[PDB]
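Read the single chain below, which is given as structure tokens and is the form deposited in one PDB entry.
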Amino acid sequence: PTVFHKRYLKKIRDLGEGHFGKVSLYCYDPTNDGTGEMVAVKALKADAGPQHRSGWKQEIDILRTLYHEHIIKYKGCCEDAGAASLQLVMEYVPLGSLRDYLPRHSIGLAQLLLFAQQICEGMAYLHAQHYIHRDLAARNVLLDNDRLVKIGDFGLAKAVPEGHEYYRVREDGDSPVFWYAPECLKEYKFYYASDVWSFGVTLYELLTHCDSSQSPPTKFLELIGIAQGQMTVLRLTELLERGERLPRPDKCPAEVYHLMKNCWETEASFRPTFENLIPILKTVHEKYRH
């Protein structure tokens, strides 16, 4: 509901880009003294078409209705006269995403399992609100402090109508295919269980400290090959249907890899829900903590 006046917004730096969104760091200082809050402002590029504009409206509408300790905090909106739409104002998390933080900070196993438990808590809340995230990846998991994680980026999020188990989307170039379950790839159907598959991929990213050489696109493309014409998604669907999976990260405990593999069941109903994962991850974190 809050309205931020463009008048008092001072750009500090960009945090994320590019086609078709941009996240920037601003100081919102109405007193003009410097005591003003630091905010992360997400803007829709003025060049964006109707499809991305109706989607952006949905992203703001969804984030506005969500309230959870593991979901990025919505602060309000700013009128972007130049766009012309709304700029999404949210809390700024200094440590950034796990994708940017982990390659530079060796975090212990216990802490990574805590982040994974918190991701499941935030996701179970999201699923109880009858929404699917559709872009669950380490790049979209923001770190508030060494012990606290927050899910962001609701750009692909959708409301799943009551009584329905899935939502159908179309063939898109920006689809994060390397984080997607086979039902999404082959039938274009996104179930609550499809987000669980993406969590298994996110859990794999965390256990690899988001190392680029071990990332899901890197590993799947080494399996698929780069001279496949328009067939990368087809070869991906085929390798997953044959039971091939991302490997066990170095130092990942066997039980944790088995949990990962269970999130990667080909049959969507054989996967645990986020509600089932919470006590499991609480127990595993407790085992590994010291």
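From 1 onward, residues are counted along the sequence shown. Under this definition, the rigid core comprises the largest set of C-alpha atoms superposing within 1.5 Å between the forms.
When the mean C-alpha temperature factors of 73 to 81 and 132 to 140 are read from the deposited coordinates, 73 to 81 comes out higher. For the two regions 119 to 127 and 170 to 178, the entry's Cα B-factors average higher over 170 to 178.
Comparing C-alpha B-factors across 163, 96, 103, 216 in the deposited entry, the largest value falls on 163. Ranked by Cα temperature factor within the chain, residue 48 sits in the highest third according to the deposited record.
Ranked by Cα temperature factor within the chain, residue 146 sits in the highest third according to the deposited record.
Ranked against the other modelled residues of its chain, the C-alpha B-factor of residue 237 as given in the entry falls in the middle third. The entry lists a Cα temperature factor for residue 40 that places it in the lowest third of the chain's modelled residues. Sorting the modelled residues of the chain by their CA temperature factor places residue 191 in the middle third.
Same protein, other form: the form deposited in another entry, not shown, and the subject of what follows.
Among the residues 186, 105, 130, 147, the single one whose Cα moves by at least 2 Å between the shown form and the other one, once the core is superposed, is 147.
Remark: with the core as the superposition reference, the CA shift of residue 253 between the shown form and the other one stays below 2 Å. Residue displacement note: residue 275 has its CA displaced by under 2 Å between the shown form and the other one (rigid core superposed).
Positional change of residue 17 between the shown form and the other one reaches 2 Å or more at the C-alpha, relative to the superposed core.
In that other deposited form, the Cα-Cα separation between residue 20 and residue 73 shrinks by 3 Å or more relative to the displayed conformation. Relative to the shown form, the Cα atoms of residue 218 and residue 146 move apart by 3 Å or more in that other deposited form.
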